[PDB]
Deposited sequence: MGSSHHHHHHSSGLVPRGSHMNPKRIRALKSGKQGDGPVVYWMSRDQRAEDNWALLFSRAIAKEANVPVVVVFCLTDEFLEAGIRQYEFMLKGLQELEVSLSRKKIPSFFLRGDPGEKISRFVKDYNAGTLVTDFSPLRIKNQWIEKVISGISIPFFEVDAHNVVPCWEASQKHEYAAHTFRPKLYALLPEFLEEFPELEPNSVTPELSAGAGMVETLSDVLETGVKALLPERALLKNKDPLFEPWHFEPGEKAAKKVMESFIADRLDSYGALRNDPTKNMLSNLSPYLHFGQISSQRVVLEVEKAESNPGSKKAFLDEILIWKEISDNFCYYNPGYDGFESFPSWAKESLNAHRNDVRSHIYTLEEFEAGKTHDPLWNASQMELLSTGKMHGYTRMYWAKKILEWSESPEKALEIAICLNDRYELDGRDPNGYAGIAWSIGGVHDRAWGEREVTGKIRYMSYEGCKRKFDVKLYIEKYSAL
């Protein structure tokens, strides 16, 4: 167990009670460094380990598609943890008040949580730190190489972060030890009732079409830790050989479809890398898939961790801020409102088809995700308005939304973060441009539009 994966958030006197794992980002029992580190400290203190999850008040800012996907995986996780004699407690409310009350009520000895560079997680950490007196640690269980160890600053390009991450792969790319169960079972509400009351509160804002029928189709991705492993096994056996050649074709289902599991932490990215590395397939396809799940995935955490305003215009590179400022007063071809973007009522059938795939499946194709956001910048009144519209529609309808990948992905498309300067155009400036005619020369756009009417 590498001590470089764990950081100390607050020092204090350790109590004589159970070690608490404040689970948040990595919702899984297997291949979880944060849960394994909590079990090791629990063994050294001759005390059991407990898992605590907080059902926050911000769930109403999303939809039923994310609430059901997360809770149905937590129901399976509670059974998995119970088989390891590890009790799980699901609190409802503010993490600042619930975690502080749980630590005092249960005589917690040490508090451990997983790492997340998002602003809302740092908001919870500041509140919990102010209300506890026991040691507080955090463990990077989402990245193969810890986010604070891969780079000590913001990396402006993938060609500068790739050699840093690959040089540390021989040290941090390792097999996971088995989660040892608690020696004996130690001393809030049923998740089925929390799911029923939560869905009832989200029903008035459910995405529907004109026939009052729901738009979301929940049979595309089954939630859970067991279903995540089956999707990974199917990708290595059926789709990994053709990933390098068909990853940019939205008409082909050649992607791994692992992002909804990778977002909620239902499967470990280090586990996927370990199985892909030992798989015999196309070397160009393995290099392309490892460049997405390792470089681009962990450089998104590096972008959110070293840029406080990762969701703002100030985080864009200087060349892009100067270019977008010089074209602020350019007359846009079209100006669509948030409701017109949300309903897919633009003049572009390819953009509307990309929005319908987002509304119906909760997972838009990776290639169309770039064209979907770059047209928001082209058809908005300002780059700041384009950021708000792109972040709103991403976090609301994408099953993998509210993720550092989404913010770093939106920043790449609109602000050119981790990109270079291209030919200077009007409105968009030197930001990389994606045209409708360019997509037609890359894939069958007519089949993608007809699939999502």
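No C-alpha positions are given in the record for the deposited-sequence stretches 1-20, 208-214, 481-482.
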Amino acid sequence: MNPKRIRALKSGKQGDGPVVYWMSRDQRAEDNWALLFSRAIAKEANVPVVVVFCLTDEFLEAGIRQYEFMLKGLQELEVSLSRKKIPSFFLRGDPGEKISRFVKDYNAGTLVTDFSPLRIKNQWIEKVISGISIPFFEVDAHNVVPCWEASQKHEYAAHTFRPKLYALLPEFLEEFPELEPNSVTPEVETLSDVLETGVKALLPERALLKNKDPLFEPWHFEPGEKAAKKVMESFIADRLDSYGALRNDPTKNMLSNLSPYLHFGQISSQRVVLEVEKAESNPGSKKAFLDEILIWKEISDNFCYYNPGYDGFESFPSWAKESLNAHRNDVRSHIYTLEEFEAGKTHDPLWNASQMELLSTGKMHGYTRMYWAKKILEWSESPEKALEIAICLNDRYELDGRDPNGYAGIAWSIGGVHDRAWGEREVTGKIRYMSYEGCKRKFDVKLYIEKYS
From here on, numbers count along this sequence of modelled residues.
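Heads up, when I say rigid core I mean the largest set of C-alphas that superpose within 1.5 Å between the two forms.
Per-stretch RMS Cα distance to the displayed form in 6 other deposited structures of this protein, following rigid core alignment, is highest for 203-211 when 203-211 and 334-342 are compared. Between 189-197 and 233-241, the larger mean CA deviation from the shown form in 6 other deposited structures of this protein, after core superposition, belongs to 189-197. Stretches 215-223 and 75-83 differ in mean CA B factor, with 75-83 having the higher one. Just going by the entry, 293-301 versus 200-208 on mean CA temperature factor gives the higher value to 200-208.
Set against one another, the Cα B-factors of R425, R420, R396, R65 in the record reach their highest point at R425. You'll see in the entry that, of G93, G362, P117, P283, the Cα B factor peaks at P283. Sort the chain's modelled residues by C-alpha temperature factor and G312 lands in the lowest third, per the entry. Ranked by C-alpha B-factor against the other modelled residues of its chain, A34 falls in the middle third.
Sort the modelled residues of the chain by CA B factor and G344 lands in the middle third.
The deposited CA B-factor of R239 belongs to the middle third of values across its chain. For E97, the recorded CA temperature factor ranks within the middle third of the chain's modelled residues.
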